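Visitor: This one is final-v1.txt, compact mmCIF, N, CA and C atoms.
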```txt
# COMPACT_ATOMS: atom_id res chain seq x y z
N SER J 1 72.66 -64.52 138.67
CA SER J 1 71.92 -64.37 139.95
C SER J 1 72.78 -63.64 140.97
N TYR J 2 72.18 -63.29 142.08
CA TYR J 2 72.95 -62.59 143.13
C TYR J 2 73.96 -63.53 143.77
N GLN J 3 74.98 -62.95 144.37
CA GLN J 3 76.02 -63.79 145.03
C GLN J 3 76.30 -63.30 146.44
N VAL J 4 75.64 -63.92 147.40
CA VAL J 4 75.85 -63.51 148.81
C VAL J 4 76.03 -64.74 149.69
N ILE J 5 75.55 -65.86 149.22
CA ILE J 5 75.68 -67.09 150.01
C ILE J 5 77.15 -67.53 150.10
N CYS J 6 77.39 -68.57 150.86
CA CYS J 6 78.78 -69.07 151.01
C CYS J 6 78.80 -70.59 151.08
N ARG J 7 79.12 -71.22 149.98
CA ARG J 7 79.16 -72.70 149.99
C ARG J 7 80.43 -73.23 150.63
N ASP J 8 80.28 -73.86 151.76
CA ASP J 8 81.47 -74.42 152.46
C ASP J 8 81.64 -75.90 152.13
N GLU J 9 82.71 -76.22 151.44
CA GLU J 9 82.96 -77.63 151.08
C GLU J 9 83.50 -78.42 152.26
N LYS J 10 83.87 -77.73 153.30
CA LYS J 10 84.40 -78.43 154.49
C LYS J 10 83.31 -79.25 155.15
N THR J 11 82.09 -78.91 154.83
CA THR J 11 80.95 -79.64 155.41
C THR J 11 79.81 -79.68 154.40
N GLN J 12 79.97 -78.92 153.35
CA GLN J 12 78.93 -78.87 152.29
C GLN J 12 77.73 -78.10 152.79
N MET J 13 78.00 -77.14 153.64
CA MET J 13 76.90 -76.32 154.19
C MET J 13 76.96 -74.90 153.66
N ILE J 14 75.85 -74.43 153.17
CA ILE J 14 75.82 -73.06 152.63
C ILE J 14 75.33 -72.08 153.68
N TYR J 15 75.92 -70.91 153.68
CA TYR J 15 75.52 -69.88 154.67
C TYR J 15 75.13 -68.58 153.98
N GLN J 16 74.59 -67.66 154.74
CA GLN J 16 74.18 -66.37 154.15
C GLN J 16 75.31 -65.36 154.18
N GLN J 17 74.96 -64.13 153.97
CA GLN J 17 75.98 -63.06 153.98
C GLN J 17 76.30 -62.60 155.40
N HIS J 18 77.55 -62.28 155.63
CA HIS J 18 77.95 -61.82 156.99
C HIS J 18 77.54 -62.82 158.06
N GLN J 19 77.31 -64.04 157.64
CA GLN J 19 76.90 -65.08 158.62
C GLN J 19 78.12 -65.89 159.05
N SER J 20 78.35 -65.94 160.33
CA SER J 20 79.52 -66.71 160.83
C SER J 20 79.17 -68.16 161.16
N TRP J 21 80.07 -69.05 160.82
CA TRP J 21 79.83 -70.49 161.10
C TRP J 21 81.17 -71.21 161.37
N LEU J 22 81.35 -71.63 162.60
CA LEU J 22 82.62 -72.34 162.99
C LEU J 22 82.69 -73.79 162.47
N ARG J 23 83.90 -74.18 162.12
CA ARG J 23 84.16 -75.55 161.60
C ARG J 23 85.07 -76.31 162.60
N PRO J 24 84.99 -77.65 162.64
CA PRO J 24 85.82 -78.42 163.57
C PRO J 24 87.31 -78.13 163.37
N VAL J 25 88.11 -78.68 164.25
CA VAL J 25 89.57 -78.46 164.14
C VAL J 25 90.20 -79.46 163.17
N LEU J 26 91.47 -79.32 162.96
CA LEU J 26 92.16 -80.25 162.03
C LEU J 26 92.71 -81.45 162.79
N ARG J 27 93.68 -81.20 163.62
CA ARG J 27 94.28 -82.30 164.41
C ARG J 27 94.77 -81.77 165.75
N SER J 28 94.91 -80.48 165.82
CA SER J 28 95.38 -79.87 167.09
C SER J 28 94.22 -79.63 168.04
N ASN J 29 93.79 -78.40 168.13
CA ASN J 29 92.66 -78.09 169.04
C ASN J 29 92.09 -76.71 168.76
N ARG J 30 92.40 -76.18 167.61
CA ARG J 30 91.89 -74.84 167.27
C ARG J 30 90.57 -74.92 166.52
N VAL J 31 89.83 -73.85 166.56
CA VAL J 31 88.52 -73.83 165.86
C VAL J 31 88.62 -73.04 164.57
N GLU J 32 87.99 -73.53 163.54
CA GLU J 32 88.04 -72.80 162.25
C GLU J 32 86.92 -71.79 162.16
N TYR J 33 87.28 -70.55 162.16
CA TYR J 33 86.26 -69.50 162.07
C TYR J 33 86.05 -69.14 160.62
N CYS J 34 84.85 -69.34 160.14
CA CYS J 34 84.57 -69.01 158.72
C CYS J 34 83.29 -68.22 158.57
N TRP J 35 83.43 -66.99 158.11
CA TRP J 35 82.23 -66.13 157.92
C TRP J 35 82.21 -65.55 156.53
N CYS J 36 81.03 -65.28 156.05
CA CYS J 36 80.91 -64.71 154.68
C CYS J 36 81.07 -63.20 154.66
N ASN J 37 82.11 -62.73 154.01
CA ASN J 37 82.32 -61.27 153.95
C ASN J 37 81.59 -60.68 152.75
N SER J 38 81.28 -61.53 151.82
CA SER J 38 80.56 -61.06 150.60
C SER J 38 80.16 -62.25 149.74
N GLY J 39 80.82 -63.35 149.93
CA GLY J 39 80.49 -64.56 149.13
C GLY J 39 81.74 -65.42 148.92
N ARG J 40 82.82 -65.03 149.57
CA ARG J 40 84.08 -65.80 149.42
C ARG J 40 84.39 -66.57 150.70
N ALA J 41 83.44 -66.60 151.59
CA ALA J 41 83.66 -67.33 152.86
C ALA J 41 85.00 -66.93 153.47
N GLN J 42 84.98 -65.87 154.23
CA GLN J 42 86.23 -65.41 154.86
C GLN J 42 86.51 -66.28 156.06
N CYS J 43 87.75 -66.41 156.44
CA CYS J 43 88.00 -67.27 157.61
C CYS J 43 89.32 -66.99 158.32
N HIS J 44 89.39 -67.51 159.51
CA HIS J 44 90.60 -67.34 160.34
C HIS J 44 90.59 -68.39 161.44
N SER J 45 91.68 -68.53 162.15
CA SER J 45 91.72 -69.55 163.24
C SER J 45 92.17 -68.95 164.56
N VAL J 46 91.30 -69.06 165.54
CA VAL J 46 91.61 -68.52 166.89
C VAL J 46 91.60 -69.70 167.90
N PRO J 47 92.76 -70.04 168.51
CA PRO J 47 92.78 -71.15 169.47
C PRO J 47 91.88 -70.87 170.66
N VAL J 48 91.77 -71.84 171.52
CA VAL J 48 90.91 -71.66 172.72
C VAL J 48 91.64 -70.86 173.80
N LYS J 49 92.94 -70.98 173.82
CA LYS J 49 93.72 -70.24 174.84
C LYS J 49 93.73 -68.74 174.54
N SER J 50 93.14 -67.98 175.42
CA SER J 50 93.10 -66.51 175.20
C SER J 50 93.06 -65.76 176.52
```
Please rewrite the model in this file as structure tokens.

Guide:
Amino acid sequence: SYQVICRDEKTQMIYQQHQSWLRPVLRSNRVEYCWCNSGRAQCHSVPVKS
């Protein structure tokens, strides 16, 4: 089948392609940015201070 969705085990939520979905922080105060670049759920972390 096609592969564009993004299964996130951090919450068990699936997303579409190029769809961005933020995840809670770990213990500090940063936000987890996770978006689907093709089906591998791309991600990065950008703190609130900017």

Visitor: Would you be able to write out as a PyMOL selection string which residues have an atom within 6.5 Å of (90.9, -71.3, 166.7) in the file's coordinates, counting only N, CA and C atoms?

Guide: chain J and resi 29-33+44-48

Visitor: Name the residues in contact with residue J:42 at a cut-off of 8 Å, using only N, CA and C atoms, excluding same-chain residues fewer than 6 positions from it; report them as JSON, numbers by chain.

Guide: {"J": [6, 33, 34, 35, 36]}

Visitor: Between atom N of residue J:17 and atom N of residue J:41, what is the distance in Å, rounded to a tenth?

Guide: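 Going from atom N of residue J:17 over to atom N of residue J:41, I get 9.1 Å.
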
Visitor: Distance atom CA of residue J:11-atom CA of residue J:50, one decimal place?

Guide: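 Between atom CA of residue J:11 and atom CA of residue J:50 the gap works out to 26.7 Å.
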
Visitor: Just give me the gap between atom C of residue J:25 and atom C of residue J:7 in Å, one decimal is fine.

Guide: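 Interatomic distance here is 17.1 Å.
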
Visitor: Looking only at strand (DSSP E or B) from DSSP on the backbone, list the matching residues of chain J as a ChimeraX atom specification.

Guide: /J:6-8,13-15,20-23,31-35,42-46

Visitor: Have a look at J:3, J:27, J:20, J:10 and name the one nearest to residue J:40; count all atoms listed in the file.

Guide: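 Closest to residue J:40, using all atoms listed in the file: J:3.
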
Visitor: Draw an axis-aligned box tight on the listed atoms of stretch 13-27 of chain J, then pad every side by 8 Å and write out centre and edge lengths in Å to one decimal as lines of an AutoDock Vina configuration file.

Guide:
```
center_x = 84.5
center_y = -72.1
center_z = 159.2
size_x = 36.6
size_y = 36.5
size_z = 29.1
```
